[PDB]
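**Q** Protein chains in written order, with the working numbering: chain A, 1 to 218; chain B, 1 to 217; chain C, 1 to 213; chain D, 1 to 213; chain E, 1 to 231; chain F, 1 to 223.
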Amino acid sequence: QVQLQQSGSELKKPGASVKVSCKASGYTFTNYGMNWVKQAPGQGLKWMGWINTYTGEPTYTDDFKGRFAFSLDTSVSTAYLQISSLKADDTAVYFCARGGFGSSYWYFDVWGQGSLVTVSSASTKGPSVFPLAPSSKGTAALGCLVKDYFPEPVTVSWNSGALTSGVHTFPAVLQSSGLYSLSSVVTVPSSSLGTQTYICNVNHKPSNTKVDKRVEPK
Amino acid sequence: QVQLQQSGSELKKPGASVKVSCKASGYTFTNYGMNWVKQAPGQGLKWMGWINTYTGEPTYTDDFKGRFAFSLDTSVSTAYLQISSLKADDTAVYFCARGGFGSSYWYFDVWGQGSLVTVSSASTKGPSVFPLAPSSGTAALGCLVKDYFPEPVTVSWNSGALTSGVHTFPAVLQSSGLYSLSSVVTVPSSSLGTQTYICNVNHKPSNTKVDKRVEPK
Amino acid sequence: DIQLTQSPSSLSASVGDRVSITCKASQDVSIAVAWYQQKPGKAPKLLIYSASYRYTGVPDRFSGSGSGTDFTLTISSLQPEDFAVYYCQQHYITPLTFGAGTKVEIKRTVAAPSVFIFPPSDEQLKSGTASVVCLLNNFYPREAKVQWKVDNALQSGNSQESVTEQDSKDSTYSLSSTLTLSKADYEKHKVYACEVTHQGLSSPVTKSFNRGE
Amino acid sequence: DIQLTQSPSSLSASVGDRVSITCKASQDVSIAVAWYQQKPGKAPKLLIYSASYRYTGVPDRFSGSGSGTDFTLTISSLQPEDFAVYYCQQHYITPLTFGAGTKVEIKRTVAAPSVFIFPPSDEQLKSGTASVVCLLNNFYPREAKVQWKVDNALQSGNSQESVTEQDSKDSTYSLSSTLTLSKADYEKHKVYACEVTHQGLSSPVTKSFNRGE
Amino acid sequence: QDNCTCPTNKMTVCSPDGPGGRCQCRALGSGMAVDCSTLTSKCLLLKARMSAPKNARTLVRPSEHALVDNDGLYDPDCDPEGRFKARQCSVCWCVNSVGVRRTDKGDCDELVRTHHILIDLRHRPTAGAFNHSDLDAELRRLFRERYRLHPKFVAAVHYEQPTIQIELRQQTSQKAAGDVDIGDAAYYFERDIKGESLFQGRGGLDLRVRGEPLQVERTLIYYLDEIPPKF
Amino acid sequence: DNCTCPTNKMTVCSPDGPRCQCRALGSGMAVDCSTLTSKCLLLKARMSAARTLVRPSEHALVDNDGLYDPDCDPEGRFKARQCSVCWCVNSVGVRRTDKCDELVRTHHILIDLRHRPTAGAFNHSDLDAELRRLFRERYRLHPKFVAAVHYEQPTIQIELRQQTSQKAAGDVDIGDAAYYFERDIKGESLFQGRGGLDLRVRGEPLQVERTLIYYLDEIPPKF
Ligand SMILES: *[C@@H]1O[C@H](CO)[C@@H](O[C@@H]2O[C@H](CO)[C@@H](O)[C@H](O)[C@H]2NC(C)=O)[C@H](O)[C@H]1NC(C)=O
Ligand SMILES: *[C@@H]1O[C@H](CO)[C@@H](O)[C@H](O)[C@H]1NC(C)=O
Ligand SMILES: OC[C@H]1O[C@H](O)[C@@H](O)[C@@H](O)[C@@H]1O
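1) Relative to the alpha-carbon of D/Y92, which residue among F/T7, F/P205 and F/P18 has its alpha-carbon at the smallest distance?
2) When you compare the CB of A/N35 with every CB in chain E, is at least one pair closer than 8 Å?
3) Is it true that the CB of B/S120 sits closer than 8 Å to the CB of B/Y94?
4) For a test of the three-state rule: what should DSSP assign to A/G178, helix, strand or coil?
5) By the criterion of Cβ-Cβ separation under 7 Å, what are the contact partners of C/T94 in chain E?
6) Go to residue 233 of chain E, then tell me how far its alpha helix (DSSP H) extends in each direction, as first and last residue.
7) Determine which residues share a DSSP beta bridge with F/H150 and list them.
8) Determine the burial state of F/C83: buried for a count of at least 16 other Cβ atoms within 10 Å of its Cβ, exposed for fewer.
9) Whose C-beta lies closer than 7 Å to the C-beta of E/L135 among residues of the same chain, with five residues either side of it excluded?
10) Between the region 154–168 of chain B and the region 197–204 of chain B, can you find at least three pairs of beta-carbon atoms closer than 8 Å?
11) Whose beta carbon lies closer than 7 Å to any heavy atom of ligand 3, going through the chain in order?
12) Determine, for C/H91, whether the minimum Cβ-Cβ distance to residues of chain A falls below 8 Å.
13) Which residue's Cα is closest to the Cα of D/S10: D/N152, D/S67, D/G101 and D/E81?
14) For E/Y188, which residues from the same chain have a beta carbon less than 7 Å from its beta carbon, with the 5 sequence-adjacent residues on both sides left out?
15) Please identify the residue among C/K169, C/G157 and C/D167 whose C-alpha is closest to the C-alpha of C/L181.
16) Can you find a C-beta in chain G that's less than 8 Å from the C-beta of F/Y179?
17) So for C/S14, helix, strand or coil by DSSP?
18) Please list the partners that D/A32 has in chain F, where partner means a Cβ-to-Cβ separation under 8 Å.
19) Thinking just about the alpha-carbon of each residue, which of A/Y27, A/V185 and A/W111 is nearest to the one in B/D73?
20) Could you run through the region 118–137 of chain E and flag, in chain order, every residue whose CB is less than 7 Å away from some CB of chain B?
21) By Cβ distance below 6 Å, which residues in the same chain neighbour A/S77 in space, the five residues on each side in sequence not counted?
22) Give a yes or no on whether 8 Å exceeds the smallest Cβ distance from E/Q1 to chain C.
23) What's the gap between the Cα of E/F143 and the Cα of E/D120?
24) What residues sit near ligand 2, counting only those whose C-beta is closer than 5 Å to one of its heavy atoms, in chain order?
25) Have a look at B/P188, B/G56 and B/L81 and flag the residue whose alpha-carbon is nearest the alpha-carbon of residue 221 of chain B.
26) Checking 8 Å against the spacing of the C-beta atoms, do C/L201 and C/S174 come in under that value?
27) Interface residues of chain A around residue 214 of chain C at Cβ under 8 Å?
28) Can you find a C-beta in chain F that's less than 8 Å from the C-beta of B/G100?
29) Is it true that the region 58–78 of chain C meets the region 8–24 of chain C, where meeting means three or more beta-carbon pairs spaced less than 8 Å apart?
30) Determine contact between the region 109–122 of chain D and the region 46–58 of chain D, defined as no fewer than three beta-carbon pairs at a distance below 8 Å.
31) Between A/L132 and C/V133, which are expected to be in contact by the criterion C-beta below 8 Å, what is the C-beta distance as a whole number of angstroms?
32) Could you have a look at residue 221 of chain C and say whether DSSP puts it in helix, strand or coil?
33) Whole angstroms are fine: how far does the CA of B/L178 sit from the CA of B/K125?
34) Alpha carbon to alpha carbon, how far is D/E81 from D/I106?
35) Take B/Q3 and list the residues in its own chain whose beta-carbon comes closer than 8 Å to its own, dropping the five residues that flank it on each side.
36) Skipping 5 residues on each side, what residues in its chain have a beta carbon closer than 8 Å to that of D/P40?
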């Protein structure tokens, strides 16, 4: 039952600090190094550095030093990642990953589940929901635009969950305003328009926003 | 926060087995040895042996071989003591205690709280409560609390209003395997005619509650 | 730092295919190269270390070869559970570094997108903003170009795209492109057009509308 | 095994006194002797190791000395929290072994016991057993002898004693001696007497009764 | 690394003062240009160690009249190819290819090759269990990856708990051009075991058998030459 | 319950005296089990003691002077001359001439240890106190014969000093203490029933990576 268990998701304002924990269990903590790996949304893995748990010494990289600090509490077999002066480009999942103390053991066999840290100056805000109405001109497409909410996630269903085939709810995009937006679309028979009703059900639990938007030909 | 936490009290019949655990926290378990120390009731300390947590190897003494076994689960930083073929003189508190891996570190700096293991063939039995009546300016009177198992009983006088001059003796284990104690109190002999004296005896294992009036005969 | 050039950045393969992914190091790294697999939302899993050593429990179809600067991860017969992102890593010297990743995706036949354009709703316009949405539905492969024209002027910098993961039933992608303008800018122009280039289309497809029709 | 001869088995002292406890090892153990304190119901606490090294956090009024076979624990100015049992231990070789312990108790002036004898109750008699109880109340020091005679015959092997810990208010002890006989044996005899010897008594004290009086 | 390093030889000074500003590292105490992708010869490494500027601070130095259980250390003479010169000296002796004295001390027609090396390691007894198969695979991996020794030159691994043995064998005729010499791998391995990596940026040897670390308590190294020593 | 020899595990013990009697392996000499055994007799034991472990060739070279089975006198000291090829040795058995009127004593020993870097802090005060405790308790060396302890992380030095005039009858010799310590550091306790050295400093278990030992004689070597 060799395991690394990390702390949960974090949401911080620019300029704030965060401390991510990585608790080892099932093995002797000071027999292994602890490595920190960043993965920004949609991006690859980046090694931030590591801490030698036997000597207590951290090693930073050029890109992660200064306002990044690796520390330990060996009495509770835990490694910590502290990031100060947070900025939006710190938004990422941070993994801890176990390795050895020399290069023939500097590959990572046991990983934490990752801790998502999101940095934003945005305040909680529920979405506005707008129809993507089916064209008046076979197969039609229609949708709901779910604009300007924070934080993630929103969920979208159609006709209270009765309509699932052909639905695509897109991943949200972060807008330059700092608010998220997504669309959910569905393709249906052209002949069903006006004889079948279409309603998108949008839930944003952080703001307790619940919208049902009928989508009709204009 | 360096600590050793042991399992609770145990009550076993002769011939049975028991396993006592000792969970370490706050330090690296495999950097220290774990020692087992016996303390029989009213007696001193006897070292049973130890287990090397780094190699896993136990070392026993001549008196604790065969039906004693030290074991470990390093994945949960726990040491265990198992005793099989239990007999009555295994009744004792068993401590685990941390030390090093050679003799210049075989003093014990951190100890568990102890686990009491009682070995008896007796069955649960509530006490009989007999008056120690004041003899026909200070009088003594009391209650004899006889033939109960297991420990403890509690005794109060006049529901806790009388505490001055009360002595409740430690229990003795009789040859029957049942325990007995007395509780006594000295009072003004002038008070025997007017003050009522009741010993309140509680033996929770048997749900026995007795209020015994103690009066001159 | 030792740079790892991992190729290809993506590949489409069928169950049963032999898949090879290469990792070129910018200097000699002995045999000190590891490979990881990562699925969505999960930590990476170690496959191979020291270029060819399988980690405990890793199936026989994964193997690794190479030394010096050129390394290869081979999946001898791709299985349904192997569509994932793979990363190489060098463990020759500190700082440890990673390749940019290879996404292994499911091959299927080419499918052109169905294309749809959506004007902003009147309700949104009241709010001071116009969002125009172009939808590309159920296409394969992923590569697609979507360009916006507003009164025939090519737009740059004012659109964002979003793409689904391969559909679990038909293995296609769907994509939206959203053009965002202020109300005032939106009402300065009449014709809104999105043009879609995709290899399943013999010619690029335009969908368009006139503001206010 | 190395035997440790620890002396005295008990001592009485006042707050502020200098207290010395010795430990004699049956062979040379270099400086490998540790000392522990133990309070009722608690684990022992390490005070001193390697004869003279004070363990972290131990008050500096505890000190240790000695080498070879003879060792001494000294408490330079005894404090109320120091009334306890002390043990020496050798840590020269396995098996690790302990001295038998020294109880450090509170000194007070001599107090003779008040002595009381209690016949068995009629209620107990009808159940088949007779317990006769002799009570020694509030005496100091602990050393006390209690002897039973039944029709002037000294009893052996049929009594059990129990003693309290020092009283929290007056630092005395109390003690009970219980003589247990079958009802049949009890009714074979008339005079029951307990005789108490204690240094606060000029002469031994007898309490007695006639059965059925 | 942001600046130049020499992964196979930390006993170097590296400058971006090479052709086109490329990195160049030179050996301390000799000045020989060093190939930082292969092991440096033992002779040149010994010269670098002897040249090392120690600051004793409060440590004391052994007296010049003090005896040791060893033959003593010295700054060796190396040939232009980095090999030990056959003769080392005002008193002189012949050495084999690993720099060990193989004649009596006097006042040397060839450099006798050391072709077999036995490394005997006793590790601290541990609860973690492993067998010969595990140990053999792991040491072969470490010799190939860390020391860049071809596994064909690891002739054998032996294990009787808690003693590990590694046998290195290598005839000159078996060496392709540029192959690492067992004498150099053995020396880097020896220094790693004593907690002094000669690498730059590769951490310690950190030997593990099942990811479980081993602590070496005692090291013995035996050198067998192509002709017997002449005492 | 049986006879043991706490200061010398290289013995066989039997209850044969008037009483436990322990005899040294490889010589049979009776051993005083309350004090350290002479290095000379311990070397004879070691040399008088393989499964799949291979033995080195008789022609193999080593980076030391070579191990040998020494000649000891009836008090267990090295005989001054050791031998075809002969040489003089000092009291720790090291050769001090080239290949013998007296046995020259080694009166100063420098022990240089390098420890593995470790997270637990300690300083010279901690090391000095602990090493002095261990040399008195484990190695039975009187306190005055540890002359100095030095520390420059991660190197520890211990200087032992014991002039002939200052060594009382029965005192443990610094040369025997140093040998027992050297073997303990290499994971071979010569004691029976005392576990390992298990060095810990301010509570931190330490791992020694490298040991060097220098011997200085009351008369200089004649080479
Ligand atoms: C080495 O560290 C020790 C332990 O922390 C220091 O000892 C403390 O020193 C101060 C000042 O002398 C005392 O008040 C403390 O009581 C000491 N504590 C202990 C546990 O000994 C010591 O000063 C340090 N020495 C140096 C030279 O840095
Ligand atoms: C050695 O142990 C490993 C791991 O438990 C096992 O797979 C292997 O078969 C063993 N080999 C031999 C030869 O016993
Ligand atoms: O091989 C490892 C094995 O060796 C011995 O048998 C003991 O020390 C065990 O505790 C240990 O697990």
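For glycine and all other residues, C-beta sits at the position ideal for the given N, C-alpha and C.
**A** With the given structure in hand:
1) Taking only the C-alpha atoms, the option nearest D/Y92 is F/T7.
2) Not closer than 8 Å to any Cβ of chain E, the Cβ of A/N35 fails to qualify, so no.
3) Pairing B/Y94 with B/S120 gives a Cβ-Cβ distance that is not under 8 Å.
4) Coil.
5) Per Cβ cutoff of 7 Å: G201.
6) The question about residue 233 of chain E has no answer, for chain E in this structure spans 1 to 231.
7) Partner(s): F/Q157.
8) F/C83 should be labelled exposed.
9) Sequence-distant Cβ neighbours of E/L135 in its own chain, meaning closer than 7 Å and more than five residues away, are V157, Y159, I164 and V209.
10) As far as the Cβ criterion goes, the region 197–204 of chain B touches the region 154–168 of chain B, which means the pair count is three or higher.
11) Every residue whose beta carbon comes nearer than 7 Å to a heavy atom of ligand 3 appears here in chain order: B/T55, B/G56, B/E57, E/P125, E/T126, E/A127, E/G128, E/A129 and E/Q161.
12) With respect to chain A, the C-beta atom of C/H91 has a partner C-beta closer than 8 Å.
13) The shortest Cα separation from D/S10 among D/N152, D/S67, D/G101 and D/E81 belongs to D/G101.
14) Only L39, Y147 and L198 meet the Cβ criterion.
15) Residue C/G157 is the option with its Cα nearest to C/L181.
16) No chain G appears in the structure shown, which is made up of the protein chains A, B, C, D, E and F.
17) It is coil, neither helix nor strand.
18) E137, listed in chain order.
19) Across the set A/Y27, A/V185 and A/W111, the C-alpha of A/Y27 shows the shortest separation from the C-alpha of B/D73.
20) Cβ contacts with chain B come from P125, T126 and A127.
21) Answer for A/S77: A24 and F29, listed in chain order.
22) With 8 Å as the cut-off, E/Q1 counts as an interface residue toward chain C.
23) Taking the straight line from one Cα to the other gives about 15 Å.
24) Residue list for ligand 2: E/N131 and E/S133 (CB closer than 5 Å to any heavy atom, chain order).
25) Given a span of 1 to 217 for chain B in the structure shown, any question on residue 221 of chain B remains unanswerable.
26) Taking 8 Å as the cut-off, the beta carbon of C/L201 is found no closer than this to the beta carbon of C/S174.
27) Nothing about residue 214 of chain C can be read from this structure; chain C reaches only from 1 to 213.
28) With 8 Å as the cut-off, B/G100 counts as an interface residue toward chain F.
29) Taking 8 Å as the limit for Cβ pairs, the verdict is that the region 8–24 of chain C does touch the region 58–78 of chain C.
30) Taking a contact to require three or more Cβ pairs closer than 8 Å, the region 109–122 of chain D and the region 46–58 of chain D do not qualify as touching.
31) Between C/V133 and A/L132 the Cβ distance is about 6 Å, and since that is below 8 Å, they are a contact.
32) Residue 221 of chain C lies beyond the stretch modelled for chain C, which goes from 1 to 213, so this question has no answer here.
33) Near 8 Å, if we compare the C-alpha coordinates of B/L178 and B/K125.
34) Taking the straight line joining both Cα atoms gives about 11 Å.
35) So the qualifying residues of the chain are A24, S25, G26 and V110.
36) These residues qualify, in order along the chain: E165.
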